[PDB]
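Just below is one structure, and these are the notes that go with it.
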Amino acid sequence: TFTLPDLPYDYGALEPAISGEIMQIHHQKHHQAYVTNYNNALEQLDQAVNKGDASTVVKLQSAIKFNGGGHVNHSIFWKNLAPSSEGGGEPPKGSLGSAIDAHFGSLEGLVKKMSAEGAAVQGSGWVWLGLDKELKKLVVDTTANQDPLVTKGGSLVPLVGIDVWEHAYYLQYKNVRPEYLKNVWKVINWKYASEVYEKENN
Amino acid sequence: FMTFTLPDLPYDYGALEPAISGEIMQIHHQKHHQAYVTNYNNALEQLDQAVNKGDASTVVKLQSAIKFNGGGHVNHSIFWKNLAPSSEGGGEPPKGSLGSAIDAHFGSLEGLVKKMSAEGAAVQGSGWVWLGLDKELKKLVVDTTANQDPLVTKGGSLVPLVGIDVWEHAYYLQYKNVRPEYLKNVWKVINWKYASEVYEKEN
Amino acid sequence: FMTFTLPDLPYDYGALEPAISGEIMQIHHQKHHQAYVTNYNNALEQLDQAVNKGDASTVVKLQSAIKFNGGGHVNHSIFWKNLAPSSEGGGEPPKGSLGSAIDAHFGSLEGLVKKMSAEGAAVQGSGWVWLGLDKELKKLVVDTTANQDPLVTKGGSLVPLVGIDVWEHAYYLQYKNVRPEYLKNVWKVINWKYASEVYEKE
Amino acid sequence: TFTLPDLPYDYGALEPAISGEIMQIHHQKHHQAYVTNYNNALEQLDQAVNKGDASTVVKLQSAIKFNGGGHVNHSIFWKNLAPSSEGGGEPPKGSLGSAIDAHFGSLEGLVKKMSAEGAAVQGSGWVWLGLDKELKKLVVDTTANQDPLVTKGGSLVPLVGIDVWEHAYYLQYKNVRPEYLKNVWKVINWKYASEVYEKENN
Ligand SMILES: [Mn+2]
Ligand SMILES: [Mn+2]
Ligand SMILES: [Mn+2]
Ligand SMILES: [Mn+2]
């Protein structure tokens, strides 16, 4: 079974970019539920898999992907954020900084691309910076709902995720998702992104 | 072609309280629906252009924006009409043929309510739960759609009778993460008179 | 966990002629269904490993292959059983309660046949058309699924009674592009006896 | 309205890679149907758009995308194929050849990648070599059913498509889609791809 991980900073530490009220609900309620529902779906899967019940194994895939994906994505999300005073918003250095310049022209090129993609997500979803381990390239992509980046390709590793579910910004920014996407860059932990990039693992 | 406009609500913004806050009604109408309306108009202008120029690729590329914003407009226009203040019939059970049909298909009104609540609660991400009429069989269905897909994308002979918006902007300011509490209270302001009338004429 | 095997057909490869050629039954069974079974078994081995190692990302990455090959196995196992040679009851109308429910829900057996045929003809790409039982409401439904998604992915309380495969490999060698002709003839060998039993037993 | 385009070679000219029988049905029946139904859907679309019928405009989106996409994808397909004796299968020269080496290591790299993606398509679809006009990069991607590559990104332009619908190989290769995908490369028209790349239009 899985447990809700602690945040590496206080709930209020990403303000003003993200309010403490959102961080608290987002962590303790939304992420907590994915964890608990993933644990439950896993218990059922284990039974079905052991019993040779193919139909129930397939039936369980919706719940497994959604809550397991939910757990994966938010565990990553919390780690690719950091307070402005602790490195949040500081541009990536080294190879990732370079690779980003090579693939997107500049950090602002990437920020614009990911901001555009995030604003255009229909309904609930995520925008990602990823590393394609196969082709050795950085990619930008979105996933729907709680689908994790690896569902877009087995060789992809997420470096940065930005949650564009309404629960990620609505208490603070209401309908204005572009303002949320404008500000979130202030607390993006590019150090985290760099380490994942350097190791090719989260 | 025709441009579309934001329809007026049939009641004041605060009229659905306490079930749905006036703050939610106002933003939902003036910001979310309006954006679907305006982005639908813009998509139509490009579509009209692409169709006239014989640009098949752009016609098809535009289907995403057309379905999302056209869908958004359809769905919210219905949503506003299938809500009503409690003092004007909101939350009063359906009478006549729809009431009969509901008892026939779902056992009872509460059976239907249980079903739609369960379905709405289980919607992953953004979407809608619907009570619909299949015009072919003259039968009732409950179904969900993702994002702003309207019920007609699940079958061309379907007519939506009642929609419940389960996008987070439909409830988050008031109920936060607790969608089931929203789904518990939304039934107080469901306009079953609208659903009955739609059922009766089948559109 | 359990391994799965290709089930035997309840009749000879050629027994469904003229509606479905033996060449199709053979390749469809020995090659297509067999691949789903084997790829389902391989995905389960990786799933079991991932689940045991606490690897959420791999469990979720594997859901595509699990649903596709697991669904493929489920769907084809049902499909073989809801066909029968005309001389063994294939094409004979449902009796008992199902016949009644069909009359109640669709007007007549032909109302139903027209509906499933229209739905099958209209399937974009690969998929299935179903007569299903909603166990909660004790009601009949007609629905389609894409690729190898089983009916149970449309609602956990659904039980498939009759499936018609409208993947091109179910008909192409015999009917080529004319899927409606396939859908005209397949009704000669629909095993409504299986459907009744399932209906009666849920 | 649209009309069925002539092929740039005889039905049998792509043998042995693709049989003349497939080419003939694929062109005259499958593509013809997409053209005719697109024409019908556009007429209905035109009425609904003129009448201000939002609900019907959206209902027609499924038919517009499938049949419109079908016309687009197959119109391209015919042009990015050519007889081996007339330039089919000759590696791309000039900028596209360079770009392929830059992005995929080698033409064989690209071929392996696209073949792998094609084999893994679940149900009906396409594998594409595309040009991202925004990022100025080559990409490989798949689409489902008749979705054209532009539904994956508004700035994408397809250079090469390979149809992996079963009707594209089944009469000849039956279930062995990997053998179809192995041979199709002998008749890929890389000169067409180059022209598109050089001008950024089909
Ligand atoms: Mn979230
Ligand atoms: Mn809404
Ligand atoms: Mn099959
Ligand atoms: Mn084709």
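Against the condition closer than 18 Å to D:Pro91 by Cβ, within 11 Å of another protein chain (Cβ to nearest Cβ) and touching a residue at least 24 places away in the same chain (Cβ under 8 Å), how does D:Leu138 come out, does it pass? So D:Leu138 fits the description; yes.
Just a yes or no: is a residue in the stretch D:120-130 more than 10 Å from every other protein chain (Cβ to nearest Cβ), within 16 Å of ligand 4 (Cβ to nearest atom) and free of Cβ contacts under 8 Å to residues at least 40 places away in the same chain? So far as the stretch D:120-130 goes, yes, one or more of its residues are more than 10 Å from every other protein chain (Cβ to nearest Cβ), within 16 Å of ligand 4 (Cβ to nearest atom) and free of Cβ contacts under 8 Å to residues at least 40 places away in the same chain.
Hey, any hits in the stretch A:70-91 for a residue that's of a type in the set (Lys, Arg) and touching a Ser or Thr at 6+ places or on another chain (Cβ under 9 Å)? Steps first, answer last, please.
Kept after step one, since they are of a type in the set (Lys, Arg), are these residues of the stretch A:70-91: A:79.
From what is left, the residues that are touching a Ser or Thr at 6+ places or on another chain (Cβ under 9 Å) are none.
Within the stretch A:70-91, not a single residue is of a type in the set (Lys, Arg) and touching a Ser or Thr at 6+ places or on another chain (Cβ under 9 Å).
The residues of the stretch C:16-45 that are hydrophobic (A, V, I, L, M, F, W, C), more than 14 Å from chain A (Cβ to nearest Cβ) and either part of a helix (DSSP H, G or I) or crowded, with 21+ Cβ neighbours inside 10 Å (or both), listed by number, are C:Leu16, C:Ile20, C:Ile24, C:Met25, C:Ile27, C:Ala35. Tell me whether the stretch D:158-174 contains one or more residues that are in contact (Cβ under 8 Å) with a residue 12 or more places away in the chain, assigned to a helix (DSSP H, G or I) and more than 13 Å from ligand 4 (Cβ to nearest atom). The answer is yes; a qualifying residue exists. Considering only residues that are surrounded by fewer than 20 Cβ atoms within 10 Å (Cβ to Cβ) and of a type in the set (A, V, I, L, M, F, W, C), look in the stretch C:178-193 and name the one that is nearest to the chain's Cα centre (by Cα). For the stretch C:178-193, the residue satisfying everything is C:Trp187. All of (1) within 21 Å of B:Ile190 (Cβ to Cβ); (2) small (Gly, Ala, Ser); (3) part of a helix (DSSP H, G or I); (4) in contact with a helix residue (DSSP H, G or I) (Cβ under 7 Å, 6 or more places away or on another chain) hold for B:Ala65 with one exception: (1).
Condition check: more than 16 Å from ligand 3 (Cβ to nearest atom), within 22 Å of the chain's Cα centre (by Cα), not β-branched (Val, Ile, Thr) and not in a loop (DSSP other than H, G, I, E, B). Does A:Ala48 satisfy that? Criteria not met by A:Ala48. Residues in the stretch B:3-18 that are more than 18 Å from A:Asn175 (Cα to Cα), out of contact with any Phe, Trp or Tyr (no Cβ under 8 Å at 6 or more places or on another chain) and in contact (Cβ under 8 Å) with a residue 24 or more places away in the chain: B:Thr3, B:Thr5, B:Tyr11, B:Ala15, B:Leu16, B:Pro18.
Here the stretch A:153-177 is the region considered, the condition is being more than 21 Å from A:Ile25 (Cα to Cα) and surrounded by fewer than 18 Cβ atoms within 10 Å (Cβ to Cβ), and the residue that is farthest from the other protein chains (Cβ to nearest Cβ) is A:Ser155.
Restricting to the stretch B:72-108, name every residue that is over 24 Å from B:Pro7 (Cα atoms) and either surrounded by 18 or more Cβ atoms within 10 Å (Cβ to Cβ) or under 19 Å from the mean Cα position of the chain (by Cα) (or both). Across the stretch B:72-108, the qualifying residues are B:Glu92, B:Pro93, B:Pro94, B:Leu98, B:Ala101, B:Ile102, B:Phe106.
Checking each residue of the stretch B:45-66 against the condition of being closer than 26 Å to B:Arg179 by Cβ and of a type in the set (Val, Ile, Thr) gives no match. Residues in the stretch B:116-131 that are part of a helix (DSSP H, G or I) and under 17 Å from A:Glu166 (Cα atoms): B:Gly120, B:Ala121.
Return a yes/no flag: does the stretch B:110-128 have any residue that is surrounded by fewer than 16 Cβ atoms within 10 Å (Cβ to Cβ), away from ligand 2 (no atom under 16 Å from the Cβ) and under 20 Å from D:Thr56 (Cβ atoms). Checked against the condition, which is being surrounded by fewer than 16 Cβ atoms within 10 Å (Cβ to Cβ), away from ligand 2 (no atom under 16 Å from the Cβ) and under 20 Å from D:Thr56 (Cβ atoms), the stretch B:110-128 yields no hits at all. Considered as a group, the residues in the stretch D:22-36 that are farther than 16 Å from C:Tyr175 by Cα and in contact with a helix residue (DSSP H, G or I) (Cβ under 6 Å, 6 or more places away or on another chain) include one that is farthest from ligand 3 (Cβ to nearest atom), and that residue is D:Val35.
So which of C:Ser87, C:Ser77 is among the small types (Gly, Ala, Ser) and away from ligand 3 (no atom under 14 Å from the Cβ)?
Values: C:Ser77 fails: away from ligand 3 (no atom under 14 Å from the Cβ).
Exactly one of C:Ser87, C:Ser77 is among the small types (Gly, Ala, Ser) and away from ligand 3 (no atom under 14 Å from the Cβ), namely C:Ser87.
Of the residues making up the stretch D:58-93, those that are within 14 Å of chain B (Cβ to nearest Cβ) and either small (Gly, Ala, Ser) or without any contact (Cβ under 8 Å) to a residue 12 or more places away in the chain (or both) are D:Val58, D:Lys59, D:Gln61, D:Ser62, D:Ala63, D:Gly68, D:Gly69, D:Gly70, D:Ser75.
None of the figures in this text is laboratory data; all of them are computed from the coordinates on show. Cβ sites come from the backbone with ideal geometry, for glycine too, and all protein chains shown count toward neighbours.
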